[PDB]
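For the record, the sequence lines run as chains U and E.
According to my numbering, the first sequence holds residues 1 to 143 in order.
According to my numbering, the second sequence holds residues 1 to 362 in order.
Built from N, CA and C at the ideal position, the CB exists for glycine as well.
Here's the structure we're looking at; comments come further down.
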Amino acid sequence: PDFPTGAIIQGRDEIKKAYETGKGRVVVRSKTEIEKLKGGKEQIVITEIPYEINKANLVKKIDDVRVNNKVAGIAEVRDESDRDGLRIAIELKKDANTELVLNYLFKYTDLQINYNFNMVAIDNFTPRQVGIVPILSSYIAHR
Amino acid sequence: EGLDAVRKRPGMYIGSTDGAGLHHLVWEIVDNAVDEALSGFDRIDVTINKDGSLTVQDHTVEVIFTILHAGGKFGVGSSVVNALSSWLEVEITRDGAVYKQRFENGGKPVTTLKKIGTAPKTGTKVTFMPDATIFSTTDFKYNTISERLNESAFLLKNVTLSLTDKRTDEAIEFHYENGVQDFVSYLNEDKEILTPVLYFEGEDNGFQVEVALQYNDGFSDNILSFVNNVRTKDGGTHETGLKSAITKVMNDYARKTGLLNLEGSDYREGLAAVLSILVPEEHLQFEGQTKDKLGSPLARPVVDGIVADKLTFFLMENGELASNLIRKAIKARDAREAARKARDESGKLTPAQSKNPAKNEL
DNA sequence: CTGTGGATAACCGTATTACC
DNA sequence: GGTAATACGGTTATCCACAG
Ligand SMILES: [Mg+2]
Ligand SMILES: [Mg+2]
């Protein structure tokens, strides 16, 4: 798949499973750079998020991780998105395992989710579950 | 000269975090170089060459030099760099002629200190290529070295540090006169300033403290600390003592002038500060390995003392900016607990990122 | 317990003149 | 404390499958 919201898709055997049968599970993970700031404090910058994830809800569910200290590290969480980009800056404290914070974020927030294929369509008036082949075929014969 | 033990256990000296370790060694040598220049013998040139090696020259200081694993800065074996490099090369030029020697694979010499060419002045250069036998990634990252040189330059004032990169013909050159003042200026040059830069220095019971601080229109505070020019990545007593004096002297000012008692932070919303103190050996204790956290219980009051004094006086400087900070604080408390209250439950406003009454528009 | 997207169905604050 | 008629705003609960 090529999501309009970008990101990273993990799970080729399952993309295959889903193109074979119509059903599969795949992981979808946000794009991130790490940003070394003045002084010496690192800062995670998220720049693509998973398909159909509410950005506000997300930013909020991260500040919700901060103020509940569900993990330590997060000094500030701040949506810097604008006209020419999508930028969420998660700024960390001095001395805070950045790898730890990132992984806990992927695990416990929607910074990373699952996409489940379930490809049903109406093919001759009845629903059918289809892989890539009856879809492409069906297309072709239509044309 | 070179040292077998570091090769046998490089992490223990450098921490081959690769190539974060690779950069740890460059810190070592160049800090040693700086140190040796501070010893009276006033500029260090760091050069990332095009062939990938690192030259580091200054203008029996020689083995006084190349023996690092010394995070000083505080203005048959031995030496970890020569020991951790497929090739090192020490050229001294002291008295009308230049002596040189090179060392290969691990520290083994390969030529004698002989003379080659006569130089008309003095100085010493060490150039070296690390090895991808012990190192994964031997790429010297220009921006990292640039950064460390920079902060190294805030800290020690009587020295200047250059850094040129033959790979991509560029070169910075750091020299800071105002010092720790100029540090915190650099911490808040990306941001929007509020108050100007505060600065107090001190000396007591063996401790010499120097603390500069100023406000941006931000949320997270930025407070970096140094015992003896090495950093305290995780702070401790000296820091807590500085923090014990800002909320102490302000609450006190709060009760008098600003009427008004307030939390720990609230007064540190958007406060960046640079803390560098000097502890004597007899008072200097850390934590369970790694100088990352100061433990010295005497440093908590001596910092608290020095800063709280100065800050009490220079709080009678102006009142325009004093009542104002005490106003912003009282604001911060309110905003803070407005989260605590909202949380316990478990408004159409779309609020501006940076709190600053002076500039914000509703 | 939350959100997804195509369907169902409602709901009520304000202004303005005018008169008991 | 009420309604008249043409205007300005916005909001909620349900079904259905399928995920943690
Ligand atoms: Mg997840
Ligand atoms: Mg969900």
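Extent of the continuous alpha helix (DSSP H) run through residue i
i             : result
residue 128/E : Careful: residue 128/E lies outside any alpha helix (DSSP H), inside the beta strand (DSSP E) at 123 to 129.
residue 30/E  : 20 to 38
residue 154/E : 142 to 155
residue 65/U  : 55 to 66
residue 7/E   : 4 to 8
residue 242/E : 237 to 256
residue 64/E  : 61 to 66
residue 184/E : 180 to 187
Nearest candidate by alpha-carbon position, reference residue i, set the options
i             : options                    : result
residue 231/E : 250/E, 252/E, 274/E        : 274/E
residue 34/E  : 25/E, 44/E, 183/E          : 44/E
residue 156/E : 285/E, 32/E, 302/E, 290/E  : 32/E
residue 189/E : 251/E, 238/E, 216/E        : 216/E
residue 363/E : 289/E, 74/E, 213/E         : Residue 363/E is absent from the structure shown; chain E starts at 1 and stops at 362.
residue 55/U  : 75/U, 30/U, 36/U, 35/U     : 30/U
residue 180/E : 171/E, 297/E, 224/E        : 224/E
residue 249/E : 83/E, 306/E, 176/E         : 306/E
residue 76/U  : 270/E, 284/E, 290/E        : 270/E
residue 118/U : 23/U, 1/U, 19/U            : 23/U
residue 171/E : 80/E, 23/E, 161/E          : 161/E
residue 51/U  : 124/U, 128/U, 113/U        : 113/U
residue 104/U : 136/U, 4/U, 70/U, 45/U     : 70/U
residue 66/E  : 72/E, 90/E, 47/E, 52/E     : 90/E
residue 11/U  : 28/U, 131/U, 3/U, 135/U    : 28/U
residue 80/E  : 357/E, 287/E, 26/E, 113/E  : 26/E
residue 239/E : 254/E, 357/E, 146/E, 297/E : 297/E
residue 122/E : 58/E, 253/E, 323/E         : 58/E
residue 266/E : 251/E, 277/E, 276/E        : 251/E
residue 146/U : 98/U, 84/U, 13/U, 111/U    : No information on residue 146/U is available, as it lies outside the stretch 1 to 143 that chain U covers here.
residue 293/E : 95/U, 21/U, 123/U          : 95/U
residue 17/U  : 127/U, 143/U, 141/U, 116/U : 116/U
Residue(s) in a DSSP beta bridge with residue i
i             : result
residue 289/E : For residue 289/E, which the question treats as bridged, DSSP gives no partner whatsoever.
residue 43/E  : 160/E
residue 342/E : Answer is none; residue 342/E lacks a bridge partner.
residue 119/E : For residue 119/E, which the question treats as bridged, DSSP gives no partner whatsoever.
residue 118/U : 23/U
residue 108/E : 104/E
residue 128/U : 121/U
residue 92/E  : 99/E, 124/E
residue 199/E : 212/E
residue 274/E : 212/E, 224/E
residue 57/E  : 45/E, 125/E
residue 32/U  : 46/U
residue 231/E : 226/E
residue 294/E : 236/E
residue 135/U : Its beta-bridge partners do not exist; DSSP assigns none.
Within 7 Å, strictly: CB atoms of residue i and residue j
i             : j             : result
residue 89/U  : residue 43/U  : yes
residue 210/E : residue 201/E : yes
residue 29/E  : residue 56/E  : yes
residue 207/E : residue 126/E : no
residue 262/E : residue 333/E : yes
residue 235/E : residue 191/E : no
residue 152/U : residue 53/U  : Given a span of 1 to 143 for chain U in the structure shown, any question on residue 152/U remains unanswerable.
residue 299/E : residue 237/E : yes
residue 7/U   : residue 33/U  : no
residue 78/E  : residue 1/E   : yes
residue 79/U  : residue 59/U  : yes
6 Å CB neighbourhood of residue i in its chain, flanking five on each side removed
i             : result
residue 21/E  : 14, 15
residue 41/E  : 61
residue 119/E : 93, 98
residue 115/E : 97, 99
Own chain, CB closer than 7 Å to residue i, minus 5 neighbours either side, in chain order
i             : result
residue 85/E  : 128, 129, 130, 131
residue 50/E  : 166, 167
residue 35/U  : 42, 43, 45
residue 184/E : 197, 212, 213, 214, 272, 273, 274
residue 312/E : 249
Endpoints, the beta strand (DSSP E) within which residue i is located
i             : result
residue 223/E : 222 to 227
residue 306/E : Here residue 306/E belongs to no beta strand (DSSP E); instead the alpha helix (DSSP H) covers 299 to 313.
residue 353/E : First-last for residue 353/E: undefined, no H or E at that position.
residue 215/E : 208 to 215
residue 182/U : With chain U covering only 1 through 143, there is no way to say anything about residue 182/U.
residue 80/E  : First-last for residue 80/E: 80 to 83, but that is the alpha helix (DSSP H), not the beta strand (DSSP E).
residue 92/U  : 88 to 92
residue 172/E : 170 to 174
residue 74/U  : 74 to 79
residue 8/U   : 8 to 10
Cutoff 8 Å; reference residue i; Cβ partners in own chain excluding five residues on either side
i             : result
residue 323/E : 257, 258
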